[PDB]
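J.: pasting the structure only:
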Ligand SMILES: Nc1ncnc2c1ncn2[C@@H]1O[C@H](CSCC[C@H](N)C(=O)O)[C@@H](O)[C@H]1O
Ligand SMILES: [Zn+2]
Ligand SMILES: [Zn+2]
């Protein structure tokens, strides 16, 4: 009927050679060879266009049909070349990109093109079910070419029926793909929408001649039929006669590096940290400079200089575990697990979103409630115990050789390992120097080093996930910390003994008993909700409440303590890695006055403390003691301590608090919706709607705490034991990974054994974990020593790191030292110990009953013998498998 529809009919009529002739005939294209090589490798610093679309947006804006600015939203970012070109534009200030990804379709690619620091991308989003947000510039490249116009219409109509919802929130500029603009209903609807919102339709000559695709843009204005018939006419004419010459152009070069951004950070207290700053400058005045392109909004930028790049993302596999776990090759939750990206790139692309936040400054009423609760808790904790100056002797008592230097200055660059330094009086001479400066009120050396952590974590986009930041200080400063405050860890101030709610020291064996005991106490449901990125949410006021313990010290101890707190905690100076433009890599120095780092000596202590403060506050709001205006200012202060000294311990012993994570059993269900003080402090609940009621639980076995939910089991004779559990796939994945680069197969086998005896010790109740662990200890020589680290949890002491037999260690930890089990009879054989319930083992990730696990289970000894052969025969193996 129409000039377009006939062209489509003809296009379908054709054959393959005519297809080829027409498709490329006489359009413009870009030199994409450079780019496709850079994509083959993934050279982020090249600064090349990740897709074709970057040119399409370039043409649209440089010709002047689009006026992009401010907050930009890319719908269907795909690779993200639209977003990546957006980043470059002078007036843009934030780029959000949404797409689907998953099986078959494109996932977002990550590069270091100019302004990448404002690019937040996400996948797994069927934007139809996503709500609208107020963008300044709206982009949508969502089309889906097909043969029949029947579908082109329907799909473009679905697209528009979606994007209207967004458009009615008045974007300053917009560009949306319109696949099918050539039919009756389409011309109609496009005319109506052009009337009701403006804009105009433009055809890009870069696009292939095989579709009628057009773009709907803000800056232009034109009648629909007129442009549609221009495109239809030219498309038709191009068909017959000569195959007209293609036009070559060069692809846009995006540049590289970061972009200048809103600097809304708090100004620094120059005389606390100035000594450290100007020391660093005096050291590196060779190449010292101030980069104008900084991606940091909340940190005070103090300068940068050239440095060498650190870490990598490469991830090695432990063939022992893998070849023993062939049937798990299909599950994504296992194969997708890999290393964390600890390059400056991978550090920063987590930093800029997770770490670069500034918390809502809580109101004076919540401020006063926090200081009150913290004062009461400092009183009640320091009743039995009292502080003390910790000694050099105890420091070297604790120390072992595998800790980190923190090599910052020249004077500290002598040693290589800890046990070497600790026995050299030069070290302690410098410690005494920094101490006698601290007592005078000047900080010279206590400076933070920072890099991303090496973790085994889920892969995102089918790629290495970004590394969360870890920052710690040089060892001497850690000694100052320890002598001042380390007594909190040493004397077990957070132990359940003294505290009641804390569990400082208790291993993963015992904690379930705490959960059951808590469950026997009557009340409402059990409520465990994880706080979103705890460390970054800590405010000045929380730190100043944690400094109140100094009330109970003596004057020397308080002098050193407050010195270290103020010049260290409440004013922090950091050295961080950033990747510069065109390859080179640099070090930046920044400061701030809130949050806490995971490399502080009393991280666990302080976190558990203020977390207890928060849980107390939430129980006060839940049980209606805190009224709704007391956020603003405190009415009847007294009635806080009236409650605390009536029920404070009574509620406290209904808590299990471990640093970041928490578990509570309140009196009634109102705790589920007493979120307002919780929100005011800035301690939001992770990835749940900020104001929605909390998901509680009834049966205590299904409570997750420190990534584990605990289950009770009766022995085959009669006694009862409590064991920790989690999802199998996580542990099999963790085992698969090899932390070290360039490691001989020996130490990878050592790791494999470490994991094996970890499973035997802890997750024996899992059929596949016991099976595979016995297979590992069998196929691995029982000679060799277990080395490496398994799961970073502090509640794993390291009890499986010895060639001792695991039956005896099992008896020791689960019976002989088992304080919650009276009957001391050590059971003599493995297969007496029961597995978990079949339905629950299936639920937590087991593959029992399925044919891969059957086939692999029957051929276990063939594979194990193959492992022995590949390692090297005539080494002392042992066949643990009996059954
Ligand atoms: N409704 C939807 N929401 C998000 N992504 C979608 C989608 N429908 C398709 N996609 C995926 O997202 C991509 C959109 S096209 C990619 C173009 C990209 N914006 C660029 O700058 O070059 C497609 O490859 C498709 O696989
Ligand atoms: Zn200092
Ligand atoms: Zn379980």
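T.: All right, it came through fine. Numbers count the residues shown, from 1 in each chain. Ligands and ions are numbered 1, 2, ... in the order given.
J.: can you map out the helices along the stretch 301-450 of the chain?
T.: Secondary structure of the stretch 301-450 of the chain by DSSP state H, counting those that start in this stretch: the helices cover 319-324, 332-335, 344-350, 364-381, 392-398, 418-422, 425-440.
J.: Distance from the chain centre to the fifth one, please.
T.: Relative to its chain's centre, helix 392-398 lies at 34 Å (C-alpha atoms, centre = their mean, to the nearest Å).
J.: List the buried residues in it.
T.: In terms of neighbour count (16 or more other C-beta atoms under 10 Å), helix 392-398 has its buried residues at residue 395. The C-beta positions use only the backbone N, C-alpha and C, and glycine is treated the same way.
J.: ditto for the second one
T.: Of the residues in helix 332-335, those buried under the neighbour-count criterion (16+ other C-beta under 10 Å) are 334-335.
J.: for the fourth one, same thing?
T.: Using 16+ other C-beta under 10 Å as the burial criterion, the residues of helix 364-381 that qualify are 365-378, 380-381.
J.: which among these gets closest to residue 323?
T.: The nearest member of the buried residues of helix 364-381 to residue 323, counting by C-beta to C-beta, is residue 381 at 51.6 Å.
J.: was I right about that closest one contacting residue 499?
T.: Yes: Residue 381 lies in contact with residue 499 (C-beta atoms under 8 Å); the separation is 6.4 Å.
J.: who touches both of the two?
T.: Between them, residue 381 and residue 499 share these contacting residues under C-beta atoms under 8 Å, 6 or more residues apart in numbering: residue 493.
J.: Identify the residues contacting the closest residue to ligand 1 within the stretch 101-250 of the chain.
T.: In the stretch 101-250 of the chain, the residue that lies nearest ligand 1 is residue 105 (3.1 Å; C-beta to the nearest ligand atom). Listed by C-beta under 8 Å, 6+ apart, the contact set of residue 105 reads residue 78.
J.: Against residue 492, how distant is it?
T.: Applying C-beta to C-beta, to the nearest Å, the value for residue 105 to residue 492 is 54 Å.
J.: coming back round to it: tell me which of the helices of the stretch 301-450 of the chain lies nearest to ligand 3.
T.: Taking C-beta to the ion, helix 332-335 is the member of the helices of the stretch 301-450 of the chain nearest to ligand 3, at 15.3 Å.
J.: from the buried residues of helix 364-381, which is closest to ligand 1?
T.: Distance to ligand 1, by C-beta to the nearest ligand atom, is smallest for residue 366 among the buried residues of helix 364-381, at 40.6 Å.
J.: which two in the buried residues of helix 364-381 are spaced the farthest apart?
T.: 365 and 381 (24.3 Å).
J.: In this structure residue 252 contacts residue 81, no?
T.: No: in this structure, residue 252 is not within contact of residue 81 by C-beta under 8 Å, at 9.8 Å.
J.: Make a markdown table from the helices of the stretch 301-450 of the chain and add distance to residue 486 to it.
T.: A markdown table is the format used below for the helices of the stretch 301-450 of the chain (distance: least, C-beta to C-beta, whole Å):
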| stretch | distance to residue 486 |
| --- | --- |
| helix 319-324 | 38 |
| helix 332-335 | 40 |
| helix 344-350 | 28 |
| helix 364-381 | 16 |
| helix 392-398 | 8 |
| helix 418-422 | 15 |
| helix 425-440 | 14 |
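J.: Nearest to ligand 2, out of the ones you listed?
T.: Among those, if distance is taken as C-beta to the ion, the winner is helix 425-440, at 5.2 Å.
J.: So what's the residue count around residue 438?
T.: Applying other C-beta atoms under 10 Å, we find 23 residues neighbouring residue 438.
J.: tell me the contacts of it?
T.: The contact partners of residue 438, by C-beta under 8 Å, 6+ apart, come to 480, 560, 563-564, 567.
J.: Need the max-distance pair from those.
T.: Between any two of those, the greatest separation by C-beta to C-beta is 10.8 Å, found for 560 and 567.
J.: Look at the residue in the stretch 551-700 of the chain positioned nearest to ligand 2 and tell me its secondary structure.
T.: The stretch 551-700 of the chain approaches ligand 2 most closely through residue 567 (5.7 Å), counting by C-beta to the ion. Secondary structure state of residue 567, per DSSP: H, G, I helix; E, B strand; the rest coil, is helix.
J.: who's in contact with the nearest residue to it once chain neighbours are set aside?
T.: Distances taken as C-beta to C-beta, 6 or more residues apart in numbering place residue 443 nearest to residue 567, at 4.0 Å, with adjacent residues excluded. The neighbourhood of residue 443, defined by C-beta under 8 Å, 6+ apart, consists of 272-273, 275-276, 434, 437, 567-568.
J.: So which bits of the protein are right by ligand 2?
T.: Residues of the chain lying close to ligand 2 (C-beta under 5 Å from the ion) are 443, 446.
J.: Residue numbers of the chain in contact with ligand 3?
T.: So far as C-beta under 5 Å from the ion goes, the chain lies against ligand 3 at 725, 844.
J.: need the residues of the chain near ligand 1, please.
T.: 51, 53, 76-82, 98-100, 105-106, 125-127, 141-142 (C-beta under 6 Å from any ligand atom).
J.: Mind checking which of these are in helices?
T.: Counting by DSSP state H, the part of the residues of the chain next to ligand 1 found in helices is 53, 81-82.
J.: export these to JSON lines and tack on neighbour count?
T.: Shown next, in JSON lines, are those (neighbours: other C-beta atoms under 10 Å):
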{"residue": "53", "neighbour count": "24"}
{"residue": "81", "neighbour count": "28"}
{"residue": "82", "neighbour count": "26"}
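J.: which one of the residues you listed is nearest residue 11?
T.: Checking those one by one against residue 11 (C-beta to C-beta), the nearest turns out to be residue 53, at 22.9 Å.
J.: Residue 76 versus the closest one, what's the distance?
T.: From residue 53 to residue 76 the distance is 10 Å (C-beta to C-beta).
J.: about what we covered before: these two touch, right, the residue of the stretch 551-700 of the chain closest to ligand 2 and residue 272?
T.: Yes: assessed by C-beta under 8 Å, residue 567 is found in contact with residue 272 at 5.6 Å.
J.: re earlier: please name whichever of the helices of the stretch 301-450 of the chain is nearest to residue 197.
T.: Nearest to residue 197, of the helices of the stretch 301-450 of the chain and by C-beta to C-beta, is helix 344-350 at 35.5 Å.
J.: From the contact counts, what lies against that closest one?
T.: strand 337-341, strand 448-452, strand 465-466, strand 572-579 (3 or more C-beta pairs under 8 Å, 6 or more residues apart in numbering; DSSP states H and E).
J.: what's in contact with that helix?
T.: With C-beta under 8 Å, 6+ apart as the criterion, helix 344-350 contacts 44, 110, 112, 116-117, 295, 309-311, 313, 340-341, 450-452, 464, 466-469, 576-579, 585.
J.: Also stretch 706-718?
T.: Counting by C-beta under 8 Å, 6+ apart, 508, 511-512, 515-516, 658, 661, 700-703, 720-726, 730, 765, 793, 795, 827, 832-834, 836, 840 sit against stretch 706-718.
J.: how is the chain carved up into domains?
T.: Domain assignment for the chain by CATH domains of a matching chain gives 1-263, 264-883.
J.: Relative to residue 823, how far out is the closest residue to ligand 3 within the stretch 501-650 of the chain?
T.: Nearest residue of the stretch 501-650 of the chain to ligand 3, counting by C-beta to the ion: residue 512, 11.4 Å away. Computed with C-beta to C-beta, the distance linking residue 512 and residue 823 is 18 Å.
J.: One more: residue 141?
T.: 69 Å.
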